[PDB]
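S.K.: My questions will all concern the structure given below.
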Amino acid sequence: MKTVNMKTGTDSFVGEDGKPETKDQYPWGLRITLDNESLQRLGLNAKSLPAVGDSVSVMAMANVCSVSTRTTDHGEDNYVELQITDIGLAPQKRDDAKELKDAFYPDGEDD
Amino acid sequence: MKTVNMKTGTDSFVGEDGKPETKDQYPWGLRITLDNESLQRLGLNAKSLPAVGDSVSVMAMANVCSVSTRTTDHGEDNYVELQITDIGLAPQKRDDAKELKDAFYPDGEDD
Amino acid sequence: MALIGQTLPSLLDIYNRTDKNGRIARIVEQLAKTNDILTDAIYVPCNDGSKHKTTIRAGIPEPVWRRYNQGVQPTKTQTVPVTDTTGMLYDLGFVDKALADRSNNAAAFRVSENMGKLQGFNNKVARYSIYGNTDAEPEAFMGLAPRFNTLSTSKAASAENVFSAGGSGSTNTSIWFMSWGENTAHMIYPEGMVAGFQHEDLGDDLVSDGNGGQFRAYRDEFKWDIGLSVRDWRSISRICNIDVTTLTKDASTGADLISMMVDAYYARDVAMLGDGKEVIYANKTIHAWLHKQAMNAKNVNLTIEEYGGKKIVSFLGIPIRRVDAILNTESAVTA
Amino acid sequence: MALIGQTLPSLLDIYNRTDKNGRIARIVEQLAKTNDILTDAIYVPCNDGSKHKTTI
């Protein structure tokens, strides 16, 4: 749960930009209260870190942050204040793997 | 609001962190639902960033952390899984600033 | 062979399930090939609109002795919520309103679709309810499996046995028993299945597009959503094993048998009082395996004349049910 | 900055026990991890104001 937005595969591929994908999170609003989501599982190699961003449909401002280590299964949490467009995730970087999945908001818990 | 836990100030001087002092935030639990907070007023110059960590009673294990730049008044958000000790915050770093840190608990917001 | 992957009811099917020499209904009826399952459980609405919150309690220390004055510090008690989500499933059904009347009596037709589709549905629900996820959600169950402790709370769940291999797929399943009253949740609106109803509008055709649309038909669907509830964990009791080969050595012998069942039984009760009953699950094969292995342990056992034992359906004498659990979880107890 | 190992119920408790969709209590109630024991004993008051003497 659910479509709107995003899905795997993203998929960062070998070791790429992570801009993916398209359609859609829309650029006008403001938000400070509720939840988000991000996680996955099957990986292979090395260091990762995602991000967010926004402005007017393209470029190029703002972030929050996040960083992960080598495992197969993870997840952190939310944002706070945003302009409004919210591109991202913007993962990176080095080594390869492939098939490394993701999939980006919202709802969803564990335990 | 409120006493136990954190209170200002520290006051985050020139060149040191602010891991002090809270002993203890207790050593048994886990955390995933509700909110926290952090902000203060006058700064001086450039890049600062808080963090958090925990262990059993002392130090030292995993973290979460965040990044920000120079401005007066802010605030981000919450935390994911942790054991329990939360020595946070652990601010940084350079330039020459000598005033006021933050504190945590409920909103907040703007009008 | 240019393209197209087709569905929908076609005259082909309705001509397969029909009869010659009449008949009215379909030769009562159509039988067979698919497993059948229990659970057969209880539902629950209520709270919040998502998740389920709940609480349990975290620690309960501590008192200290008084020396007729020395009293000093008060103490408190704490807790922590947990919860998780749910999920829903539903496709839909179609007929060609005309063909439903050719020959007449469509109600029996849609009844066949009803019972069959119901069978496949609940089959799916039993298949995925007992194995959790790293997927597009509902729900979670195996997540309580990995062994030892301190990395999680197994123990009372992971009594279990070891062996097999962790690098090759074979074969070793598992047996489960957990009490009810620890419900399964549904979002606040009607419950699983409930269909039922009907709608009769126009297409909406196949692929490209097909050349138009517009035609009246019968259409409807069965919806269903679920999500298990931990509520309180201690009712669950799980076992890793075997893989059937170690249970071949105990065919009647008593080295590594299945009597660790007893252990699992005595690993639950506090209480934790409730909720009314319990039940233990098998995967078929392991059921009969347990029977044949049990009738001949080197120990107690009387059995006058003759064997092979009045079914089993006991021990002790909590009824056992049979499930459609996979026959290969590899080891996956500790990687 | 806070200094102490929290005596008294900080808001963390009232927000974990919480109340959502209302309400009053926790669906009777919260459960779990404390072991169980017997005793379940017999009790007596003892002459005099303490002790109890006896002899063997």
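Each chain in the structure tokens gets a letter, A, B, ..., in the order shown, and its residues are numbered from 1; ligands are numbered from 1 in order too.
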Near chain C, which residues of chain A fall within 10 Å when you count only C-alpha atoms, and what do they look like as a ChimeraX atom specification?

M.R.: /A:1-2,7-8,39-42,73,103,107-111

S.K.: After least-squares alignment of chain A to chain B over all Cα atoms in order, what RMSD do you get?

M.R.: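 Computed value for the CA RMSD is 1.5 Å.
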
S.K.: Please produce, as JSON lines, a per-residue contact table for chain D versus chain C (criterion: any atom at most 12 Å away, only C-alpha atoms considered), showing the nearest atom pair and its distance in Å to one decimal, sorted by chain then residue number.

M.R.:
```
{"residue": "D:5", "atom": "CA", "partner": "C:75", "partner_atom": "CA", "distance": 11.3}
{"residue": "D:6", "atom": "CA", "partner": "C:75", "partner_atom": "CA", "distance": 9.4}
{"residue": "D:7", "atom": "CA", "partner": "C:75", "partner_atom": "CA", "distance": 6.2}
{"residue": "D:8", "atom": "CA", "partner": "C:76", "partner_atom": "CA", "distance": 6.1}
{"residue": "D:9", "atom": "CA", "partner": "C:76", "partner_atom": "CA", "distance": 6.3}
{"residue": "D:10", "atom": "CA", "partner": "C:78", "partner_atom": "CA", "distance": 9.4}
{"residue": "D:11", "atom": "CA", "partner": "C:78", "partner_atom": "CA", "distance": 10.3}
{"residue": "D:12", "atom": "CA", "partner": "C:78", "partner_atom": "CA", "distance": 8.1}
{"residue": "D:13", "atom": "CA", "partner": "C:78", "partner_atom": "CA", "distance": 5.4}
{"residue": "D:14", "atom": "CA", "partner": "C:78", "partner_atom": "CA", "distance": 8.6}
{"residue": "D:15", "atom": "CA", "partner": "C:80", "partner_atom": "CA", "distance": 8.5}
{"residue": "D:16", "atom": "CA", "partner": "C:80", "partner_atom": "CA", "distance": 4.9}
{"residue": "D:17", "atom": "CA", "partner": "C:79", "partner_atom": "CA", "distance": 6.3}
{"residue": "D:18", "atom": "CA", "partner": "C:81", "partner_atom": "CA", "distance": 8.8}
{"residue": "D:19", "atom": "CA", "partner": "C:53", "partner_atom": "CA", "distance": 9.5}
{"residue": "D:20", "atom": "CA", "partner": "C:48", "partner_atom": "CA", "distance": 6.8}
{"residue": "D:21", "atom": "CA", "partner": "C:48", "partner_atom": "CA", "distance": 5.9}
{"residue": "D:22", "atom": "CA", "partner": "C:47", "partner_atom": "CA", "distance": 9.5}
{"residue": "D:23", "atom": "CA", "partner": "C:47", "partner_atom": "CA", "distance": 10.2}
{"residue": "D:25", "atom": "CA", "partner": "C:54", "partner_atom": "CA", "distance": 10.8}
{"residue": "D:26", "atom": "CA", "partner": "C:54", "partner_atom": "CA", "distance": 7.3}
{"residue": "D:27", "atom": "CA", "partner": "C:54", "partner_atom": "CA", "distance": 7.8}
{"residue": "D:28", "atom": "CA", "partner": "C:54", "partner_atom": "CA", "distance": 10.1}
{"residue": "D:29", "atom": "CA", "partner": "C:56", "partner_atom": "CA", "distance": 8.3}
{"residue": "D:30", "atom": "CA", "partner": "C:56", "partner_atom": "CA", "distance": 4.6}
{"residue": "D:31", "atom": "CA", "partner": "C:56", "partner_atom": "CA", "distance": 4.7}
{"residue": "D:32", "atom": "CA", "partner": "C:56", "partner_atom": "CA", "distance": 5.6}
{"residue": "D:33", "atom": "CA", "partner": "C:57", "partner_atom": "CA", "distance": 6.8}
{"residue": "D:34", "atom": "CA", "partner": "C:59", "partner_atom": "CA", "distance": 8.0}
{"residue": "D:35", "atom": "CA", "partner": "C:270", "partner_atom": "CA", "distance": 6.6}
{"residue": "D:36", "atom": "CA", "partner": "C:270", "partner_atom": "CA", "distance": 5.9}
{"residue": "D:37", "atom": "CA", "partner": "C:270", "partner_atom": "CA", "distance": 9.0}
{"residue": "D:38", "atom": "CA", "partner": "C:270", "partner_atom": "CA", "distance": 11.4}
```

S.K.: Please identify all polymer residues within 9 Å of range 46-53 of chain A, counting only C-alpha atoms, omitting same-chain residues fewer than 6 positions from it, and present them as a PyMOL selection string.

M.R.: chain A and resi 18+59-70+82-97

S.K.: Would you kindly report the residues of chain D within 6 Å of chain B, using only C-alpha atoms, as a ChimeraX atom specification?

M.R.: /D:1-5

S.K.: DSSP on the backbone, then: every residue of range 167-333 of chain C marked helix (DSSP H, G or I), written as a ChimeraX atom specification.

M.R.: /C:246-249,260-265,286-294
